[PDB]
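Just one chain follows, in the form deposited in one PDB entry, and it is written as structure tokens.
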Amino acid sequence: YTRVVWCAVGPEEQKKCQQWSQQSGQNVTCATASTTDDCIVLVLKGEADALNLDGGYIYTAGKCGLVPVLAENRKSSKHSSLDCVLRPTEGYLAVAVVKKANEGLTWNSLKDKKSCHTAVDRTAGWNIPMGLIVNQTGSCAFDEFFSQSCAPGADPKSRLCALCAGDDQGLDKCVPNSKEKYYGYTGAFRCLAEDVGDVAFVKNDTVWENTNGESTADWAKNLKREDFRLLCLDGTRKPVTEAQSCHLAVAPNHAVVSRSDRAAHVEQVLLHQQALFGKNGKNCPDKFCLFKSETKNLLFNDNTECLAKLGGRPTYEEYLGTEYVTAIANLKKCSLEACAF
């Protein structure tokens, strides 16, 4: 079989894919979709082979029979003796971020405030925060909790999209892909950084990667970590240096998924691909690097050291975990066991 078709979401991920396709020598070809849900459909249809997904979407794909193949793994302090591919995933931290100057704003005073979400149906951006709020609220009206928000994937005409900007020409407002100015980790964080929303639901690495001259992007140039705070669940506020003791949850790393009858073939190709384009790959710094897309997190997160093997050949429920799976199920009874398509 040996040739893999990768599904790219949006035009920016497509242009990076073609570059990968080129350097691969047609080993990897691209398919494009305007949304992640459409990419899943393409993989079900068999028109695309695989794609890297956020846990939230892995639940969706899971109910449709797709399976996790390899997970993203970042550089850690613990487990240095083991190589990156055989090394277990540690998972990222879901947090709630705010401006320091915005005093008196805690977890208990979020109602009727403005929010910034990575996108609808995602772990740190939607599922974790909204699940918690639904519980504490005892109501399914999460569309009324915040006054205005930017949550890519929601109804454009609703308040949940009100804070989203769209692209260069203000078109595609609220679309769930990088054309939306406030889409994803970097998008949601910029949303807070520019003071559009009062809070942003991203992950811990995002704050660090886009502050203290790490990003070099016009909007991130002058951001200082000291100007930001994390909202803990006990109603306290802490510096971004205390994420381990002030997070909403710990999430399962983004993973590459595919149809179970293609997983073996997809896995084989990818390992060979990162041997060439990975962190220390033969052709990375020189020709092309798979895990670099100038802080835009295209196809993969920029902090990915390598895609790691799973081990225990886990199902999508085992990969996500029982904890998280019951959270999504509970949150979903608001908006019954079948593939959404």
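Residue indices: 1-based, along the sequence shown. Each form is matched to the other, and the largest set of C-alpha atoms that superpose within 1.5 Å is called the rigid core.
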{"query": "Between stretches 191-199 and 75-83, more displaced by Cα RMS in 9 other deposited structures of this protein (rigid core superposition)", "finding": "75-83"}
{"query": "Missing from the model but present in the deposited sequence, between residue 335 and residue 336", "finding": "4 to 9"}
{"query": "Stretch with the higher entry mean CA B-factor, where the candidates are 275-283 and 308-316", "finding": "275-283"}
{"query": "Stretch with the greater mean C-alpha B-factor as recorded in the entry, comparing 41-49 against 295-303", "finding": "295-303"}
{"query": "Identity of residue with top Cα B-factor, from 234, 155, 72, 218", "finding": "218"}
{"query": "Most elevated Cα B-factor in the entry, residues 205, 195, 121, 90", "finding": "90"}
{"query": "For residue 17, the third of its chain into which the C-alpha B factor falls", "finding": "middle"}
{"query": "Assigned third (lowest, middle, highest) for the C-alpha B factor of residue 115", "finding": "lowest"}
{"query": "CA B-factor placement of residue 180, once the chain's modelled residues are sorted into thirds", "finding": "lowest"}
{"query": "CA B-factor ranking of residue 270, expressed as a third of its chain", "finding": "middle"}
{"query": "Ranked against its chain, the third holding the CA B-factor of residue 340", "finding": "highest"}
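Absent from the display: the form deposited with a partner chain bound. The rest refers to it.
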item	value
63, 292, 309, 279 - the one with a heavy atom within 4.5 Å of its partner chain in the entry with it bound	63
The unique member of 58, 40, 33, 298 whose heavy atoms fall within 4.5 Å of its partner chain in the entry with it bound	40
Contact of residue 284 with its partner chain in the entry with it bound (heavy atom, 4.5 Å)	no
Residue contact check: residue 275 to its partner chain in the entry with it bound, 4.5 Å heavy atom	no
